[PDB]
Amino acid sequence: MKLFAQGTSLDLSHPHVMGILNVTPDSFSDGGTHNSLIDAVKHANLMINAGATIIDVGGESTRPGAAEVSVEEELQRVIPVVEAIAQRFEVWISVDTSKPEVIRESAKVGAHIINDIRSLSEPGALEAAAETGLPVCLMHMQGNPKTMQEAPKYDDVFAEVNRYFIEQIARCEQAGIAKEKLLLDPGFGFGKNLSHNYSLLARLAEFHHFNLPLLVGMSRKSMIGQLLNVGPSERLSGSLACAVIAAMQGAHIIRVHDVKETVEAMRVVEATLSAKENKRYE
């Protein structure tokens, strides 16, 4: 499969590692945007050099009790980091925003994929994505990510994530975004408990019936932390196991913090799925 954006294509026959670059207020310092601009631009360079093919630049945190960020604060941080990267390097850039203004502006400075974890549900978001014309990632979420609320009860989580995708693709086709430009993502850790997350991981091979690209984000989440009982620094081995499981079943993009070791894992998976008659495990 192939994505086409900004005059270029992305070939999804092999898995891409998407590096994370979060440029929040509490990290892209002091007041209103520092010399943190060189750090951002240096961080991207190491990831690109670790083998990353997409960088996901985002200005909000979505962990529990995370503060709201305003459009000014997003536009000050995200857009100059997006522009600087696209000028300097030939990577693909996803913007992890939910605000319409930030979608319209990232488009103009060179971003390639809109990766809104809220799946364009904010007033005005869907049509900003639509006029942009770029690939959009749709993600399953239940409840609000930034709350301190325990997890939903699902009658069945696979069936519910799957109904959600059916609904969402239609919404998009009606806005005028062709099913050709969507990517789907089960939302690991968003409104799911430990079992719901591993049931969704165990059956990931099966969301391929949509014939859309699969994006997966599992790096250093609680699905590894609680299972192993380690802290956020101590989750690399468990985060690599989630990336290999997921790419063995054909996921197209793996969004990680630890780009060097994930890219290295993806290479062994490549080696393996290439010798494997139907190129996928199920």
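Each residue number is its position in the shown sequence, starting from 1. We call the rigid core the largest set of C-alpha positions that still match within 1.5 Å between the two forms.
Superposing each structure in 5 other deposited structures of this protein on the rigid core shows that the farther-lying of 189-197 and 133-141, by root-mean-square Cα distance, is 189-197. Taking 179-187 and 105-113 in turn, the stretch whose Cα atoms are more displaced from the shown form in 5 other deposited structures of this protein following rigid core superposition is 179-187. For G231, the record comparison shows coordinates present in all the other entries of this protein that model its neighbours, with no third of them leaving it out. Missing-residue comparison: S27 falls in the unmodelled set for a third or more of the other PDB entries checked. Once the C-alpha B-factors are averaged per stretch, 182-190 and 138-146 rank with 138-146 first. Stretches 29-37 and 232-240 differ in mean CA B factor, with 29-37 having the higher one. When the C-alpha B-factors of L212, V95, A130, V161 are read from the PDB record, the largest value belongs to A130.
When the modelled residues of the chain are ordered by their C-alpha B factor, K153 lands in the highest third. In the deposited entry, the Cα temperature factor of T262 sits in the bottom third of values across the chain's modelled residues.
Residue-level temperature factors show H208 in the middle third of its chain, judged at the C-alpha atom. Among all modelled residues in this chain, the alpha-carbon of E60 has a temperature factor (C-alpha) in the middle third. Per the deposited record, the Cα B-factor of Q249 falls in the lowest third when ranked against the other modelled residues of its chain.
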